[PDB]
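J.: If you scroll down you'll find the structure; I have some questions about it.
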Amino acid sequence: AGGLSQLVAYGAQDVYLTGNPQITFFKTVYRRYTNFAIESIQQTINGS
Amino acid sequence: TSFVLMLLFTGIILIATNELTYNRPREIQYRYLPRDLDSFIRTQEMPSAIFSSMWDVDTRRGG
């Protein structure tokens, strides 16, 4: 049975963990994103 | 007959009292619930539209 034995042997102690699910772990959510670019350059050093 | 008249008088008084106390209003407040999981997933924006701009043109150069 594998994962089905664990999945099926459900009890009261699980209600607090899986009842009325609020989240899904196998389908994530992406936050609003803005396009970025990075550049690395030299600065001038004033002095010896 | 007079007893009938007085009884009708007091009955009409109390009926008028009932009608005047009948019109008191009632108020409704809205309670907002979070969306269910399945409805949320069905409403969720596809990543192809949330951050498609990551390859729009560029950021160091215009279009």
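Each chain of the structure tokens is named A, B, ... in the order shown, its residues numbered from 1; ligands are numbered from 1 in display order.
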Could you pull the residues within 10 Å of residue 28 in chain A, counting only C-alpha atoms, minus those fewer than 4 positions along the same chain, as an MDAnalysis selection string?
T.: (chainID A and resid 23:24) or (chainID B and resid 41 47)
J.: Any idea which chain B residues end up within 9 Å of chain A if we count only C-alpha atoms, as a PDB file with C-alpha atoms, in the first residue's frame please?
T.:
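Produced file iface-v5.pdb, reproduced below:
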```pdb
ATOM      1  CA  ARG B  35     -11.223  31.863   0.547  1.00  0.00           C
ATOM      2  CA  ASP B  36     -11.259  28.076   0.600  1.00  0.00           C
ATOM      3  CA  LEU B  37      -8.158  26.237  -0.592  1.00  0.00           C
ATOM      4  CA  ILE B  41      -5.954  27.699  -6.241  1.00  0.00           C
ATOM      5  CA  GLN B  44      -4.514  31.946  -8.337  1.00  0.00           C
ATOM      6  CA  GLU B  45      -2.698  33.831 -11.077  1.00  0.00           C
ATOM      7  CA  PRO B  47       3.228  32.421 -12.990  1.00  0.00           C
ATOM      8  CA  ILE B  50       2.575  37.238 -12.474  1.00  0.00           C
ATOM      9  CA  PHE B  51       6.199  37.858 -13.459  1.00  0.00           C
ATOM     10  CA  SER B  52       6.334  37.614 -17.269  1.00  0.00           C
ATOM     11  CA  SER B  53       8.223  40.927 -17.293  1.00  0.00           C
ATOM     12  CA  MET B  54      11.450  39.153 -16.301  1.00  0.00           C
ATOM     13  CA  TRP B  55      12.113  38.696 -20.034  1.00  0.00           C
ATOM     14  CA  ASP B  56      10.089  41.668 -21.300  1.00  0.00           C
ATOM     15  CA  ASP B  58      15.742  44.387 -20.235  1.00  0.00           C
ATOM     16  CA  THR B  59      16.587  46.827 -17.449  1.00  0.00           C
ATOM     17  CA  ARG B  60      19.921  48.315 -18.606  1.00  0.00           C
TER      18      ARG B  60
END
```
J.: So that I can check the secondary structure, give me every residue of chain B assigned helix (DSSP H, G or I) by backbone DSSP, as number ranges by chain.
T.: B: 2-22, 37-43, 47-50, 52-55
J.: Just to confirm, what's the straight-line distance from CA of residue 17 in chain A to CA of residue 2 in chain A in Å (one decimal)?
T.: 20.6 Å
J.: To one decimal place in Å, what is the distance between CA of residue 7 in chain A and CA of residue 42 in chain B?
T.: 24.3 Å
J.: Take CA of residue 34 in chain B and CA of residue 10 in chain A and report the distance between them in Å, one decimal.
T.: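 Separating CA of residue 34 in chain B from CA of residue 10 in chain A is a distance of 25.7 Å.
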